[PDB]
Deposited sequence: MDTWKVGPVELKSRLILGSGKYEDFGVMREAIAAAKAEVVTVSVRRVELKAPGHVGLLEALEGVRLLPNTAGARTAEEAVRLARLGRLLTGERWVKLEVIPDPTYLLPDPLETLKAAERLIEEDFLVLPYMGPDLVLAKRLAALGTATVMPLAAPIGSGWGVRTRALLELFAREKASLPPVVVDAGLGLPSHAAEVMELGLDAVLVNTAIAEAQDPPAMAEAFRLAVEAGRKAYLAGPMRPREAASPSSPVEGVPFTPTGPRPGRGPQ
């Protein structure tokens, strides 16, 4: 059918989920199901139930919390043996105020990570140039953020994500994370010809998480078909 690939992994859903803010693994289990999601990202935190509430999907370990590449490669290693999975969502955020990633740090971490046989999914600013570098490094994806994380502003980074759409064929699969607050947001991104979206705050922070998880599902499907259907021209 209409399937894409993260490196050697073939996914069908273009809707990836995140396990943040779910007030319990129960409504989380429901949401992940309603979204028909195949992949859900998880963090690696200090030990002060989840692993079984996330069975049925694949686990994507991220290096959230990491302020440097050194701390990033560190969380990735632990994330790898904790899930046994080969891939990781590279994330390097110095100032958690806005949660914006570091260009060079994330670039250096991506290099070391791929030399360690990792499949890097680089969380990054909407930097097409940096995206092209990440792609030449051997990244299986590039994940430009739509807007400040958890903000739910929307596709505030539209003008730049259009360039990603234009250089779609030179980049690895383009997944948009961090910034989406409504399913109409995801649809918009998918109508541009982007490969997938990653939603977290929008679904969990909602009154009816399972319902919203479905909404987002329909929206990624709707947006994707619109693109393949060849929209009319204004």
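If a residue lacks a C-alpha atom here, it counts as unmodelled; so which stretches of the deposited sequence fall into that category?
Those parts of the chain that were deposited but carry no coordinates are 49-55, 242-268.
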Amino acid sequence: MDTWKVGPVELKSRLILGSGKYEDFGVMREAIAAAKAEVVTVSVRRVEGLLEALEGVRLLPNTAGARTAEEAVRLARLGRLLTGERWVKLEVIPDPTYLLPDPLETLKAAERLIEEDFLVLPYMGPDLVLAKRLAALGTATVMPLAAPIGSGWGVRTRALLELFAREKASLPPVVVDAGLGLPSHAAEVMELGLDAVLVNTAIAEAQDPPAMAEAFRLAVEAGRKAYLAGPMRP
From here on, numbers count along this sequence of modelled residues.
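Do the CA atoms of 186-194 or those of 201-209 have the higher mean B-factor in the entry?
For C-alpha atoms only, the mean B-factor is higher in 201-209.
Between 131-139 and 97-105, point out the one with the higher average CA B-factor as the PDB entry records it.
For C-alpha atoms only, the mean B-factor is higher in 97-105.
From 163, 92, 149, 88, can you pick the one with the highest C-alpha B factor in the entry?
Checking the PDB record, the top C-alpha B-factor among 163, 92, 149, 88 is at 149.
Among the modelled residues of this chain, does the Cα B factor of residue 145 put it in the lowest, middle or highest third?
Its C-alpha B-factor, which the entry lists for residue 145, ranks in the lowest third among residues of this chain.
Sorting the chain's CA B-factors, does residue 56 end up in the lowest, middle or highest third?
Highest third.
Going by the entry, which third of its chain does the Cα temperature factor of residue 159 land in?
Its C-alpha B-factor belongs to the lowest third of this chain's values.
Among the chain's modelled residues, which third holds the C-alpha B-factor of residue 21?
Top third by C-alpha B-factor.
If you rank every modelled residue in this chain by C-alpha B factor, which third holds residue 49: lowest, middle or highest?
Answer is highest: the recorded C-alpha B-factor places it there.
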